[PDB]
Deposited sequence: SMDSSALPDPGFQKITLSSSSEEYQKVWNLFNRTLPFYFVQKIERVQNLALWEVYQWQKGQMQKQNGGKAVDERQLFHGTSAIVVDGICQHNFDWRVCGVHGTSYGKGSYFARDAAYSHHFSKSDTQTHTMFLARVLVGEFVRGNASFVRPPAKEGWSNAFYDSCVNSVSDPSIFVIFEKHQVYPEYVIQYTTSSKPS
């Protein structure tokens, strides 16, 4: 089995936090469901990655963000079980990694349906320290002035990031599935 999706009540704090983040940039759309994803196997490897990044950061808390990923309904269960893996599709770019967006409105362009109902993840991402990306990058580049340290993620802007590229699947947990309609 591996995972459960728990449908949230729309009057719950947990639902309202996810809804608020979605509604911030897709206010003209209508949310039909929000499910919490429970996959203890994906959460264990995420927490292990986090502990490794925390140690490498002097023992201080790693930069961790909730970021959107628009998908097709048909892969949702595959991602809840196996996580995001950019190697399924490739990219043809800010890096050959999985992409996540700050804005639901940006991830909406990648939620394909042929139907009224669209699906989007809100994922938990250990972005850590980031730098601008490049379409050649297969992993994040070295930090200047360090002989033995690399960035954790690539972005569009360091002063103002809105897209993140993740090269390691253990840096992501697919935390929530959002179903919505555009009318």
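- Counting the deposited sequence from 1, the stretches lacking C-alpha coordinates are 1-9, 102-103, 195-198.
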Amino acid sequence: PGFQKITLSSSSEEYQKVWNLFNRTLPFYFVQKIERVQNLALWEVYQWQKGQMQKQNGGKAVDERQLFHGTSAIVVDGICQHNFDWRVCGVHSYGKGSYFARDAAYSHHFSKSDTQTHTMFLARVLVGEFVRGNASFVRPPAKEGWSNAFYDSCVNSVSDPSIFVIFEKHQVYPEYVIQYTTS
From here on, numbers count along this sequence of modelled residues.
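- Higher mean CA temperature factor between 135-143 and 121-129: 135-143, per the PDB entry.
- If you average the C-alpha B-factors over 44-52 and over 112-120, the higher value belongs to 112-120.
- Within the group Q171, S10, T25, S159, the record's highest C-alpha temperature factor is found at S10.
- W86: CA B factor lies in the highest third for its chain, per the PDB record.
- Residue-level temperature factors show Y106 in the middle third of its chain, judged at the C-alpha atom.
- Compared with the other modelled residues of the chain, the Cα B-factor recorded for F68 ranks in the lowest third.
- Sort the chain's modelled residues by C-alpha temperature factor and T181 lands in the middle third, per the entry.
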